[PDB]
Ligand SMILES: *[C@@H]1O[C@H](CO)[C@@H](O)[C@H](O)[C@H]1NC(C)=O
Ligand SMILES: *[C@@H]1O[C@H](CO)[C@@H](O)[C@H](O)[C@H]1NC(C)=O
């Protein structure tokens with residue numbers, strides 16, 4: 001289980017960037033790769049009313 | 001605004017006492033809706049026929065609506081929905097009105113819908129972009145947006161300061177963009193009102209937040225476009241900026257004496273700003289238009 005946040009000129013987590021990317025319908029993807037493996041895991045779209053960062 | 005036009009006048013049969021346009025709105029068809037002295041009126045520009053609106057019983061300050069005109073029945077019925085409200089009214093006791101067909105008939109809209117709300121009413125808006133009805137609700141010095149519909153039903157947006165009142169401009173293409181501006185402030189919303197943020201000004205390639213009241217400038221006019229935004233500040237200043245995602249950047253244009261107490265700016269086309277001033281001719285009583 002991991003908590004991740006978009007980093008801009010503000011290093012601290014920001015509840016505006018999350019709101020922008022969620023109001024556009026955009027959520028991060030994790031790409032796990034190996035010598036012989038490729039896998040993708042999508043962060044579930046959630047309202048940014050409370051969440052300060054992606055989980 | 002080519003040629004010269006006589007000023008628009010009330011025929012005087014349906015005397016409306018003082019003739020102050022509190023708001024005007026372009027409904028589908030040849031009709032134009034004015035709120036004169038708290039009463040709705042419809043004017044047909046091809047005729048000179050003025051029609052008072054019977055549905056609105058209590059005084060209203062503003063009429064709000066959204067217009068699409070892709071050639072179809074859809075954008076027509078989208079254009080039909082309208083709201084009539086008194087900006088600044090108490091949250092409880094003010095009566096809001098809705099029109100299902102153009103502006104022709106107005107029906108009062110029921111309170112039970114928003115009891116859970118107390119404070120002044122900055123505005124009631126139909127947000128067809130998000131398929132949502134949003135009310136700008138002012139419960140303190142700060143103001144918020146509340147969305148009546150299921151998802152988010154009664155879901156508050158992030159609060160923004162709101163001393164005094166604000167005028168709200170909706171972008172034509174229903175991209176979701178909004179401009180909230182008054183004399184001492186200008187706020188923009190990339191979102192549909194959920195996040196309301198200050199505009200950033202560029203000076204010598206450094207960007208910084210702009211507070212109109214802080215810099216003491218007083219904005220005299222704003223011109224709004226589908227993708228762009230400009231405003232003219234009373235002390236001969238003109239700012240042009242590109243409103244978009246990731247914030248809005250505004251650059252101050254080179255100096256020019258463009259302010260003359262009757263001037264106003266508007267966007268003729270993408271990339272073409274127009275400064276317009278009515279000059280009065282004593283003999284002919286029809287106004288010339290000085291264009292820049
Ligand atoms: C659904 O949305 C609410 C509103 O913030 C949130 O608190 C809740 O955790 C969400 N539920 C799920 C399962 O994501
Ligand atoms: C409205 O939303 C609230 C929470 O946002 C929810 O608890 C309620 O069930 C919803 N009711 C209707 C009628 O949509």
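One-based numbering along the chain as shown.
This deposition comes from electron microscopy, 2.9 Å.
Positions of Cβ are set from backbone N, Cα and C atoms, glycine also.
DSSP assigns residue B:75 (disulfide bond) to a helix in the three-state reduction. Taken from Swiss-Prot, the feature disulfide bond applies to B:68-B:75.
Marked as N-linked glycosylation site by Swiss-Prot on the basis of experimental evidence: B:153. When secondary structure is read from DSSP and collapsed to three states, residue B:153 (N-linked glycosylation site) falls in the coil class. Around the Cβ of residue B:153 (N-linked glycosylation site), a 10 Å sphere holds 10 further Cβ atoms from the protein chains shown.
The number of other CB atoms found within 10 A of the CB of residue B:68 (disulfide bond), across every protein chain shown, is 16.
Same-chain residues at least 6 positions away in sequence with a Cβ under 8 Å from that of residue B:75 (disulfide bond) are, in sequence order, B:67, B:68, B:69. For ligand 2, the recorded positions lying close by, meaning a CB under 6 A from one of its atoms, are B:153; the full candidate list was B:68, B:75, B:153.
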